[PDB]
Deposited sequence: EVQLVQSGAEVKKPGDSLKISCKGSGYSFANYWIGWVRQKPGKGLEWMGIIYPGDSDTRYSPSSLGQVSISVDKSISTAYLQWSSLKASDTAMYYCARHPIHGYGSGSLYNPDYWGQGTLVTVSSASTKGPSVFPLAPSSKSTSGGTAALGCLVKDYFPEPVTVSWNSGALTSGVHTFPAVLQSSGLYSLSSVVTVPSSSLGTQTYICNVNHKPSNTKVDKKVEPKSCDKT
């Protein structure tokens, strides 16, 4: 069987150099174009370019020419994708894909067939930062919450009234802001009649800063 085994997950800072690897077994590595595709978290496939292992001839897309450099070591059946200075915007899954020639004569085209498992490249200039927690005040059910602002890295967990309150609880997955910091929200739906009587506290746990914040959420006047 054709197998494309890619290098392991990469965690890097902007301005770092990075070379990722893809090793081809189950076929004559030397006789087949091989190349790289980029997928940013939740986005489409972006073809980056290919290389002929035999003589390192290359084809780049408009967007990828000069930005990135593809290379080969024919002797260890290994293809490489290389940046000299990573940006945060290079954060993505990177797939190597073999490009056999399909068709015949004028219909001949380079064509992805087998893909590797992918290599996650995470490029962030952020450091450990505990969250700032703001109440989302309510006002026959009322929605109230906590905004968990500007933390790094993942994850945060949120409970309500130290676990006494689990029904109506919806904690949302975090957004990654341009700053490289995360934010997320947790909301709980409760009886409007309870707002006078019951205290509501969201318990925000960020183990990576050793920070727990218990934020009282009061109705607004």
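> Can you give me the gaps, meaning deposited-sequence stretches with no C-alpha coordinates, in sequence order?
140-145, 228-231 are the stretches of the deposited chain that have no C-alpha coordinates in the structure.
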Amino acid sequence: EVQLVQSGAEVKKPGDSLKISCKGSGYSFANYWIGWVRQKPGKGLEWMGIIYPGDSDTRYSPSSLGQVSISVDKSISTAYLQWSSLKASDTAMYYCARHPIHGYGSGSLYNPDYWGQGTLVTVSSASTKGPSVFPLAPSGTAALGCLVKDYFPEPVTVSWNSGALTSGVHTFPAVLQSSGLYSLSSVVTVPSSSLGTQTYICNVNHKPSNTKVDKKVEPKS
From here on, numbers count along this sequence of modelled residues.
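> Going by the mean C-alpha B-factor recorded in the entry, which is higher: 191-199 or 154-162?
Looking at the recorded C-alpha B-factors, 191-199 comes out higher on average.
> Compare the mean C-alpha B-factor of 207-215 with that of 12-20 as given in the PDB entry, and name the stretch with the higher value.
Going by the record's values, the stretch with the higher mean is 12-20.
> Select one of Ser64, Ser183, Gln39, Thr171: the residue whose C-alpha shows the highest B-factor in the crystal structure entry.
Most elevated C-alpha B-factor of the set, per the entry: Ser64.
> Based on what the PDB entry reports, which of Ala143, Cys146, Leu86, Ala92 has the top C-alpha B-factor?
Answer for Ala143, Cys146, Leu86, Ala92: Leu86, with the highest C-alpha B-factor.
> What third of the chain does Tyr52 rank in for C-alpha temperature factor, lowest, middle or highest?
Highest third of the chain for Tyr52's C-alpha B-factor.
> If you rank the chain by CA B-factor, which third does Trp33 end up in: lowest, middle or highest?
Within its chain, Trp33 is a lowest-third residue by C-alpha B-factor, going by the deposited values.
> Sort the modelled residues of this chain by their C-alpha B factor and say whether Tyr104 lands in the lowest, middle or highest third.
As the PDB entry reports it, the C-alpha B-factor of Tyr104 lands in the highest third of its chain.
> Could you place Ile76 in the lowest, middle or highest third of its chain by Cα temperature factor, using the values in the record?
Highest third, going by the recorded CA B-factors of the chain.
> Using the B-factor values recorded in the entry, state whether the Cα atom of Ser132 falls in the lowest, middle or highest third among the modelled residues of its chain.
For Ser132, whose C-alpha B-factor we compare with every modelled residue in the chain, the answer is the lowest third.
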